[PDB]
Structures are given as structure tokens and as C-alpha cells.
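These notes are about the structure you will find just below.
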Amino acid sequence: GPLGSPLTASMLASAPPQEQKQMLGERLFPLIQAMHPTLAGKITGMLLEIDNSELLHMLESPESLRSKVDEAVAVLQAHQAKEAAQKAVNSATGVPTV
Amino acid sequence: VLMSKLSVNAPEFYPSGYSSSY
Numbered sequence: 111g112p113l114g115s116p117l118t119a120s121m122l123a124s125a126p127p128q129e130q131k132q133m134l135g136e137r138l139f140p141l142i143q144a145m146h147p148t149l150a151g152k153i154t155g156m157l158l159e160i161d162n163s164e165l166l167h168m169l170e171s172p173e174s175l176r177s178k179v180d181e182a183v184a185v186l187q188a189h190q191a192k193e194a195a196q197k198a199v200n201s202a203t204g205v206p207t208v
Numbered sequence: 006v007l008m009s010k011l012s013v014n015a016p017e018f019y020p021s022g023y024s025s026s027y
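So, in C-alpha cells, the structure goes:
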């Protein structure tokens with residue numbers, strides 16, 4: 111039923127051919143998963159500004175790893191925030207009828 | 006001080022290694 115320990119290794123081999131790096135993006139979800147500041151799944155989409163080859167390098171090196179992920183937390187928290195595009199508080203509800 | 010980061014808020018997260026070439 112429910113997923114216990116969301117593993118990234120087995121997660122990869124847990125999806126069809128082309129569904130390789132489909133789920134956990136390239137390699138950021140695994141890295142962000144480690145931190146989980148804002149949202150691993152969504153954070154990944156943002157860091158995805160680089161080549162799949164760069165994210166691999168960072169994943170094998172904390173130096174570049176945190177470099178990109180860390181930034182994510184700052185940027186995304188700012189850019190990737192709550193969509194304030196909601197309705198106005200001055201919305202007429204009561205219709206002045208007879 | 007409102008400087009951008011290394012990993013901006015790029016698009017969504019898709020299959021990076023989409024190696025579906027047969």
C-alpha cells in the first residue's frame with residue numbers, strides 16, 4: 111500500500127525504460143530529498159536549469175552538490191512561492207435585490 | 006542584496022536522461 115522508505119536507487123529501476131530519470135528528475139530530487147527545504151519534487155524542476163551531466167557531478171561531490179541545491183532553497187523559496195494570484199477580498203457576495 | 010541564485014526557478018522537472026532512442 112503506502113510507500114515506506116522512498117528509495118531513489120530502486121525508484122529508478124521501478125519505472126519503465128524511458129521512465130528512467132522521469133520521476134525523480136535528473137539527480138536533484140535525491141539531493142534535495144536529503145535536505146527537503148521547500149519541496150524535493152518541485153525543487154528538482156527548478157534546478158533542472160542545467161544539463162543532466164552537471165547534476166550527476168554534484169551528486170557525486172557535496173561541494174557542487176550543496177552549491178546548486180542550497181541556491182535552490184533561496185531562489186525557489188523566493189521565485190517558487192505561493193501563487194498570490196487569488197481572488198480579491200473586495201468581492202460582492204450579497205446581491206442588493208428586493 | 007536581492008541577487009539571483011545558481012539554480013534559478015527554471016521550468017518543471019522532467020526525465021533528464023530521456024534515453025528512449027532505439
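The listed protein sequences derive, respectively, from chains A and B.
111 is the number of the first residue of the first sequence in the working numbering; add one for each residue after it.
6 is the number of the first residue of the second sequence in the working numbering; add one for each residue after it.
We put the CB at the ideal spot given by N, CA and C, even for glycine.
Contacts that residue i makes with chain B (C-beta to C-beta distance below 9 Å)
i                        : result
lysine 178 of chain A    : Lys10, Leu11, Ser12
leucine 175 of chain A   : Within chain B, no residue comes near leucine 175 of chain A; the closest Cβ sits about 11 Å away, beyond 9 Å.
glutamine 190 of chain A : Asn14
Listed by chain order, chain B residues near residue i by CB distance under 7 Å
i                        : result
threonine 154 of chain A : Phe18
residue 84 of chain A    : Any property of residue 84 of chain A remains undetermined from this structure, which presents chain A solely from 111 to 208.
Residue i burial status per 10 Å Cβ neighbour count (16 or more: buried)
i                        : result
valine 179 of chain A    : buried
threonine 203 of chain A : exposed
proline 140 of chain A   : buried
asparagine 14 of chain B : buried
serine 9 of chain B      : exposed
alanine 123 of chain A   : exposed
Residues near residue i in its chain [Cβ-Cβ closer than 7 Å; skip 5 each side]
i                         : result
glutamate 17 of chain B   : none
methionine 133 of chain A : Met121, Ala125
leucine 186 of chain A    : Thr148, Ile153, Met156
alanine 182 of chain A    : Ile142, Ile153, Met156, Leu157
Beta-carbon neighbours of residue i, restricted to chain B and to distances below 8 Å
i                        : result
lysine 131 of chain A    : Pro20, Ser21, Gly22, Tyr23
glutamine 196 of chain A : Under the 8 Å cutoff, chain B gives no residues; its nearest Cβ is about 20 Å from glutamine 196 of chain A.
Contacting residues, own chain, Cβ-Cβ under 8 Å from residue i (five flanking each side not counted)
i                         : result
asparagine 162 of chain A : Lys131, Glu136, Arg137
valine 208 of chain A     : none
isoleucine 160 of chain A : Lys178
Residues near residue i by beta carbon distance below 6 Å, same chain, minus five either side
i                      : result
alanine 144 of chain A : none
Q | Inter-stretch contact at 8 Å, needing at least 3 Cβ pairs: the stretch 147-157 of chain A / the stretch 187-195 of chain A | A | Yes, the stretch 147-157 of chain A touches the stretch 187-195 of chain A.
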